[PDB]
Each structure stands twice: as C-alpha cells, then as structure tokens.
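Notes for the one structure printed next.
There are 2 protein chains.
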Amino acid sequence: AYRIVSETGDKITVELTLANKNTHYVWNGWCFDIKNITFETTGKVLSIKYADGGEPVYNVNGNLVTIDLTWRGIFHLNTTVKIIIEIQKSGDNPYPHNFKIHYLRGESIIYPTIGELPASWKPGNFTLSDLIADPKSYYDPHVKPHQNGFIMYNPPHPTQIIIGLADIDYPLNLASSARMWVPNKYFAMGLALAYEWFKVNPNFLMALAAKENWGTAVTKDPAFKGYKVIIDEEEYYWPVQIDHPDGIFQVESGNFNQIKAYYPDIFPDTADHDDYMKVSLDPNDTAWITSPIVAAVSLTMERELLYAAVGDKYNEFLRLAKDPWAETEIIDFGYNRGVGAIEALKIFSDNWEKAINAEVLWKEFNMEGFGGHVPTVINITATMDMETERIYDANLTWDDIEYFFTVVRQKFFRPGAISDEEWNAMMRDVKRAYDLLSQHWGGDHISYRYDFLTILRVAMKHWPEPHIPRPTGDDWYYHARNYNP
Amino acid sequence: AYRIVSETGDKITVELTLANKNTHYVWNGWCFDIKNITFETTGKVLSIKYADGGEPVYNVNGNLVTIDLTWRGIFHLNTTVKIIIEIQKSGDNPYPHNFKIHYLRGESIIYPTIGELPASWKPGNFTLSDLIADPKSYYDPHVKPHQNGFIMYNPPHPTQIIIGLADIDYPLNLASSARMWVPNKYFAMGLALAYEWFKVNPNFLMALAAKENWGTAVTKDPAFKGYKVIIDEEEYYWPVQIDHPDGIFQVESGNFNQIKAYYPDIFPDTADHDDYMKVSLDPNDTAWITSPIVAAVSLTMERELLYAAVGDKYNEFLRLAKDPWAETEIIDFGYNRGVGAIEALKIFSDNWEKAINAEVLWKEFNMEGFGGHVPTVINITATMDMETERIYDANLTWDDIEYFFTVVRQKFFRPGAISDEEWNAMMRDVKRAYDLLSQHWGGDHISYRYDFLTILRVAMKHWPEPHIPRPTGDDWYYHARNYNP
Ligand SMILES: CC(=O)N[C@@H]1[C@@H](O)[C@H](O[C@@H]2O[C@H](CO)[C@@H](O)[C@H](O)[C@H]2NC(C)=O)[C@@H](CO)O[C@@H]1O
Ligand SMILES: CC(=O)N[C@@H]1[C@@H](O)[C@H](O[C@@H]2O[C@H](CO)[C@@H](O)[C@H](O)[C@H]2NC(C)=O)[C@@H](CO)O[C@@H]1O
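Shown next as structure tokens:
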C-alpha cells in the first residue's frame, strides 16, 4: 500500500508499506521473498529511505525505478517494512505509480495443463458426465508416442497416464539390457501425483530411479544378482539396494533438508529424510508414495532456481536451443552433480551461444554426470516415451485410494492449509468419483491408467490455489539472489 | 527442575519440568534436542504423563527409568514441558533421583586437546611467559612425523602447526604426480582455526581439497592444463576450477543448507553458500578463510551424527578396529557419498565384526567413493603427515591478523554470542600477544607455523564455552533419532 504524504513545492513525498500481514500460517504466505519492487515516475528520485532508518538500494532506468531491499527482502509472518520516497516533480507522470512487488521466483515459469475436469463439475452431487467429457477418447487404448523429457509440455493424453514399460537396449548401469517395471501401485500413484501436481513426466522419474538404484528396472543379465521377480513366467533380477536410506531416487539428506527449507507449504517441520525416502520390499512402506513426490520437488527446485535467476531468458533458451532434450539434460545433470555444477557451466550467460547451438548439449559441455547419468536417463525416458505395446495399468480399490490420501495427508502440507472439514469434503467427492468411475469396470475397482488422473483432479479441486507454491524463506533468498548460471 | 507434589499412602507423585528458559538467543541454548531423560527409583512406576494431556514413552530397566519424549523432544526458546510421575513406594531409594537429560549428541565424543596457554595467562597485561610455557620446544624446528587422519588425536607438537608440503607419487586425479601447496596465508589461517576449533588435521583438509578440485596441489604433469604457478625456482600447473561455486572443497548448497540448520551457533541466518565457498585467484577473497572452516564443520557433522546414533560403540570401534585409518576412511567416504551411504554399510550394527577385523576397511566394504576418493585422501594425508623437510610457514603482520578476525566476526557466530565489548577486549589481548610474539622475529611479524596457534588460543579464551556447540534444531532431531548405522 502507498500514500502521498505531502506535495510541497516541487517535492513529492510518498510512503510505501510492504508487509506480510499474515499472523499465522496460510498457504503460500508463510514467507515472502522479494527480489525487488519497481515503480514508474517521470520525476527525479531525490531519496528512498526506510522510515525506521537506513536505506535500500535503488536504480533508475528511464521512467522505471527498481528498489532492492538487500538484507531486508525477507518477510516472515507479521513483518512490515515502510519506505519513504521523495520525488522532484517533472514530466507528465511524476507521481510514483504502477508499483509491482517482484517475488524471488520466475514470473514466466511454464507449468503445462495436462487436462481439466469438465466445466460442469462441482463438489457434492456431480454425475458421471461431470467427470468424463468424452468417453470414446477417455477409454481409447490407442497410444500416441511422444518425446517429452522432464516436463510434460505435450501430454500424449489428457486423462490417461501412460507409463511405457519398454525393453531397454541401452547398457543400464553396465548391464547388457533391462526392462522397465513398476514395483507396486502405491508407487505408481505417487508418480501420478508428481505428474499432475508438478507436471513431471512419469517416464522421466522412472528412468531416474532406474539409473540411481535400479528402482524401476529389472534385467536378465546374470552378472546382476538381485531379488528374483517373475514376470509372465520369465525370471528377472531386480538389482535394487532396497534398504538404502536414500531410496530408489538416491536423494541425500542435505538436499532433503534444503527442499524442506524452501518449501514450508509442501513439507511439515516433522518431515524426516529416511522416513520419506527409504523403501523396502513391503509395498505398504509409505516411502513408496512419498519418495517420487520428494524427487519431483527436488527436480522442481532446480527448475525454479534457474527461472528465479535468469527470468525471461529461460523460455528464450527453450525456444532457441538446437538440442530438443537440452532442458532435461540440464535438470538431470543438476540432479546428479548439484545446482552449483549447473551454475559453473554458464549456459545462460558466458556460454549462451555455444549452448543454444549445440546439437547434443551434454557432449559439448561435458555434462555427463557420474556413471553416464545424463545419457542413460535421457535415453531411457525417450525409449519409454515411444513405447506403445506395454503400458502400465493396475486395479485400484477404494481401500487403495483411501490409503493413498491418508499418506498424502500425513506426509504433505502444513496444518492450516486444508482444514479437517475441507479434507472430509474432498474425500466424499473422491469416493463419489471412485464409485461412478468404477461402474465401467464392473464396480469393484477403477483403472490406474484410465481413471486415476481424474481422481486426482477431483481431489485437487479442494486444494489451496495456486496448487504449486513458491519456494521461499531465508535460505532460498540468499541462494537464489546469489545464483548466476 | 523436579518436585515431590505429594506422598500419600504408598503413592509418591513427582512433577518434572523440562524447559528451555532462554527467551533470546544464548550460546548453545538456542534449541535443546532431547534424546531421552533418565532417573532412578527402587519403587514401581505407576504412570508417567504430561501435565497438559497425553503421555511420553518410557521403559524400566531395573532401577533405571528412561523417558522418551518422541514428538515433544525439541525445545526452542521459551518452551516448557511438564511431566507427572507416580511411584509406588518400595525399596531403599524410592524417590525419583539422579535425573539426567540426555541430549541428542554423543556424550563420549572425543575432542583432543592440542595445547593450552600456560595456567598463569589472564586477560590484560599478560607477559611472554604467560604465552610460552617452554621456549625451547616452542621454537624447536625439528619435525616429528605422525599418522593422524581426520582428527588430531596425537598432535606432533602442541604449539606449532605442521602442514607437510610433500611431493605426491600417488596418481592424484590421474596426474602422474603432484606437489602440495598452500595457496595463500589467509587460507592457512582458516585451516589453523579449523584445527584448533574442531581438532581437524590440516593435512586431511589439504588432501581433501586436492582430490575435490586441485585446491591445494599443483603438478608438473603437462596433460593437466591449469593456472601457471611458480614456487621458488619451479613452475607448475594448478588445475583448480577456481571459479567453481562449490569451491575447492566442493561443498554443495544442500549440504551447506543442512549444516546451517544444524549449527545455528556457528552460522548466522545470512550465511550464503556461494559467498562462503566460492574462492578466486585473489587472496583477499573471504572464502579462502571461510571455506576450510565450512568443510571442517561438514566433516564434524558426520562424526557428531555417528556419535549421536551409536554412543559408546563409537569409541569401542576406534579401540578395536584393525585398520588404523578406519575412522578417516568412514568420514571421508561419508563426505563424498553422504551419511546415508555410511548408514547403508551397517559398520556399527549388522557388519560390526567384519568391520573391526578388516585390515583395510574401505576395500572390504567397497567404500572407495567416486574417483578413488577414499584411497586418494588417505594416501595424501598420510604422506603429508610423514613430511619433515618442507613445512609450511608464512609471515603474518598485524594487518593480516586483524583482517582474519574481521572475517571471522562477519561470517561466524550470531548476535548475542559475543558482545561488542567482549570482542574489543579480545582483540586487545590478540594485539598484545601479536606484539609480544613478534619480538622474537625482530618485531615486524609473527610466524604462522610457530605463533598462530597461540594467537588463536588467546582469542578463544574470550569465546563462549564449551567452544564446540551441539548440533541442534528440528532437522537434527528427526535425522539423528532415525539414523541407524
Ligand atoms: C558405470 C556405472 O554405470 N555404474 C553404476 C552406478 O552408477 C550405479 O550407482 C549409482 O550411481 C549414481 C550416479 O550415477 C549415484 O548417484 C547413485 O547414488 C548410485 N547408486 C547407489 C545405490 O550407490 C550402480 C547402482 O547399483 O550401478 C552401477 O554400478
Ligand atoms: C578418475 C579421477 O580421479 N577423476 C578426477 C575427478 O575425481 C576430479 O573431480 C572431482 O571428483 C570428486 C569425486 O571424486 C567430486 O566430488 C568433485 O566434485 C569433482 N570436482 C569437480 C570440479 O567437478 C577432477 C578434478 O578436476 O579430476 C579428475 O577428473
């Protein structure tokens, strides 16, 4: 909020008040991290100072003034900052106007729409038609191959989840061959939520787990001792280290600690690394659900950090790069070698031309990662994307769905984001949607492939908006302001 | 505190109050993380409940009662928890007694004493003999070789710093040979503070930086382009990536975030990864001082975590293991592959006997790390330890000392740990010690090798006690309680 304090002589004095007025947690408003504040004037800036002493930094570019709050840019609950701006009147638009708070978060970040519930849908007594816009398309088994990498910009179907269980000819982790597989349906539901929530391609998370710890692939390579898995009367080895505390995505505790700090809206303060990541042979281990969501948030963090640092240049890079897998390569490299290692490449500054002209970015920039990480993950994602013959599907029962959302409620969001009443109303709608969708299959289950995205969308109609919160807080602030990739 | 509320019949009722009574930050009292509370009674425990509802977990083992606060074990500023204990009177010592709060922190952790100032030393007008207990040994140039790895259990000298600038025949990062080199004296002083504060061997940090990013070694090997470095009559390549955001120790932002969270007593909230780690060819870059201290704290965190999880078994392991470099191999492996990777080894539980009987631990357990990390670091550390002929030394001026402490003041501790007047009193003592110690050299400087540890001890007389704070806070709590190595 802002106010003319006085206009006296040719001197215009304005007070700007910046605050987080929240006194208790609310969704997306627990902390605001301010990159800068802009405003316009044709007058001459005489001084910009804090009301309670000291002054921010500012610069003028034509009619555009940019205030940098430097050490004072972080706004926790109940925090107010008052700024006094003095202008010498001149020109045709001298009063400070068009104030914009710019958060430390790329304003142009692209989060694609995968699909949407029919516009006629409303909570409570919706009907089957309120769920399924176009039945012929909804149940169509024909698979359209695609080439999405990390982010699903061009989903092959708006309501179907297509995990391609392709045979892999690439030498995965030095095995002669592999086959992708989904260890259980609770894991599959976690992938689906990562997809619908953060727009991450399930095939990319599948590929990533396979490289990191064989989480999602088996092999006939007899060099590769592992658990025995029989799949339609053929013996495979599953070379996963299933009790590894970092899980099938190999997320370490330092990275977990950091994304917890960045995402108070996603992680409660109780969230613990081994509890969220460490799976086991038991399909009921809750980490089968939480760990693909954690991996998706970790990947999301890299993308969000890049956007926060380079703004509009990020989409310009996506438009211009000659390597169509460039973004996916950068994000996978950063996952394995860290965002410091991305930053050192200087793709978005010093080495821009070389980067956008590279036919294979990772070869030009030596961004393999350890153990052929980048080419492996990219090759497997591409192979899965092309798969049409063998697509994952599973029967989900009401108990499965109920269990899934209980775990989500236990492990994600913070108290105050969704009330008990809201959660209960959400679960009535989810159960009703399950009941209507089950009828197509004989009433005893719904389909993971055909129905589960619609179930998620019904649930998410009740989630706080916007569904993807900003990364925020003190650590994010200093890290993203000092990041120059 | 605790109190007998009533003794009535054979029923004794006790109220136990656990609190963090601090209302503002105080050294080592910002948060208390309680693993459990023990007390003794010959009586029979009837109940243990919280005064405001619900109850903790407790177990009885003979006369020893162990209360586990589970979700309530974290005590931030101004937090109180009240527990009601009911005992059925019996035996000769029925009243709850010998109450002990056990922090989530190994009580038997070993931090060796390198040396101490003479007992006569006091602030103000201290004298030379108040600084130097034994002139003949203090200035003795004879070098005693040693074999300390990560922690300096058996320092080769109590007042001299001995960094051995050994020639290296081990194929460091695939080079045919190398030479250890301290890039500048500000880095040397940061190593010295890591040594005196956290008992970390300077040769181990030298070895670590060399393996991570050539930070502390140069080479004649032509295959390895790098900055041209001339030492005396000899020219070398310095293959360091000097602008890497993760610095010469390759500390990533997630690990940095985590140690900030664990160590509020060491890092202010403003501490920024790239600012603390990223060095440059300029010797006045402040990251030459901060980054070895950050690396030391990161290694310290691993050891503190292992002690917190396994208690007395840690020292037992040190005592029994057949490999005299076992602890160093474990800490270095954890540095490169993470504490999750240490935990997966089960050295301290499932694979205990195999671990204490290994002649070479890392070979037995396949804990090489990437790129031969563990054998490289251990070999260089050992080689440096053995060096007697070429030992680092440098002239330090008063400007040098003032600058060093100015950076320490800006980058470490948080407000409330050391007042401005405490700091100014400290710098007077440091100045006086500098002047006293400079006499030996003709008055123009002191010696890094011979004098700087004494300078640090003079400053540290004014630092909060105990000088090593406990790791603490929410993330530490969940992580260390769930850690099972
Ligand atoms: C040359 C090769 O492909 N080696 C494989 C390893 O890369 C796999 O280990 C995993 O490697 C990634 C980096 O590529 C690490 O991030 C990850 O932590 C690591 N996984 C584990 C459990 O250590 C390994 C998987 O079994 O298989 C090959 O050795
Ligand atoms: C086979 C070998 O020795 N390769 C060297 C690499 O190990 C060095 O890179 C560094 O490797 C460690 C793991 O061993 C990484 O933690 C570290 O981040 C990485 N350093 C950099 C700057 O990426 C490399 C140093 O230039 O030299 C050889 O390639």
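If you read the sequences in order, they're chains A and B.
Under the authors' numbering, the first residue of the first sequence carries the number 321, and numbering increases by one thereafter.
Under the authors' numbering, the first residue of the second sequence carries the number 321, and numbering increases by one thereafter.
All residues carry an ideal CB built from backbone N, CA and C; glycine is no exception.
For chain A, the residues of the segment 650–668 of chain B that bring a beta carbon within less than 8 Å of one of its beta carbons are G658, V659, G660, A661, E663 and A664, in chain order. For the segment 375–445 of chain A, the full-length beta strand (DSSP E) segments reaching 3 residues or more read 377–381, 384–388, 394–396, 399–408 and 417–423 along the chain.
The three-state reading of DSSP puts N356 of chain A in strand, counting E and B together. For the pair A453 of chain A and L437 of chain A, the Cα-to-Cα distance works out to about 8 Å. Between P475 of chain B and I434 of chain B, the C-beta gap is smaller than 8 Å, which places the two residues in contact.
Note: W558 of chain A is bridge-paired with A:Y547 in the DSSP secondary-structure output. Secondary structure note for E663 of chain A: its alpha helix (DSSP H) is the uninterrupted segment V659 to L665. Residue state for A529 of chain B is assigned as helix, using DSSP reduced to three classes.
When 9 Å is used as the limit between beta carbons, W391 of chain A is near these residues of chain B: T590, in chain order. If you compare the alpha carbons of A:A641, A:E647, A:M706 and A:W645 with that of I676 of chain A, the shortest gap goes to A:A641. For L494 of chain A, the Cβ falls inside the 7 Å cut-off from some heavy atom of ligand 1. For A339 of chain A, the beta-bridge partners assigned by DSSP are A:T400.
Look at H593 of chain B: its C-beta is under 8 Å from a C-beta on chain A.
Distances from the CB of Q570 of chain B to the heavy atoms of ligand 1 are all 7 Å or more. Restricted to the segment 549–613 of chain B, the beta strand (DSSP E) segments that are unbroken, complete and at least 3 residues in length are 554–558, listed in chain order. Put simply, the backbone Cα of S767 of chain A is about 7 Å away from that of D713 of chain A. Listed along chain B are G574, each with a C-beta nearer than 7 Å to that of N575 of chain A. Annotated three-state conformation of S618 of chain A is helix, per DSSP. With a cutoff of 7 Å, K598 of chain B does not count as near ligand 2, since its C-beta is closer than that to no heavy atom of the ligand. A direct Cα-to-Cα measurement between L511 of chain B and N744 of chain B gives close to 24 Å. Distances between the C-beta of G762 of chain B and the heavy atoms of ligand 1 are all 7 Å or more.
At least one heavy atom of ligand 1 falls within 7 Å of the beta-carbon of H564 of chain A. DSSP, read as helix, strand or coil, puts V502 of chain B in coil.
Residue pairing by DSSP places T333 of chain B opposite B:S326 and B:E406 in a beta bridge. C-alpha of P491 of chain B to C-alpha of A498 of chain B: approximately 8 Å in a straight line.
Between the alpha carbons of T328 of chain A and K409 of chain A lies a distance of about 10 Å.
With respect to the 8 Å criterion, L528 of chain B and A607 of chain B are not classified as neighbours on the basis of their beta carbons. Ranked by Cα distance from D585 of chain B, the options B:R729, B:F419 and B:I387 are led by B:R729. Taking CB atoms only, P559 of chain B has no neighbour in chain A less than 8 Å away.
In the three-state reduction of the DSSP assignment, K456 of chain B falls in the helix class, which pools H, G and I.
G510 of chain A carries a helical assignment under DSSP once its states are collapsed to helix, strand and coil. Look at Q561 of chain B: its beta carbon is less than 7 Å from one of the heavy atoms in ligand 2. A direct Cα-to-Cα measurement between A514 of chain B and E636 of chain B gives close to 26 Å. Taking a contact as a CB-CB distance under 8 Å, the pair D353 of chain B and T792 of chain B counts as one, their CB atoms being some 5 Å apart. In summary, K420 of chain B is exposed, with fewer than 16 beta-carbon neighbours lying within 10 Å of its beta-carbon over all protein chains present.
According to the DSSP assignment, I368 of chain B belongs to the beta strand (DSSP E) that extends over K364 to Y370.
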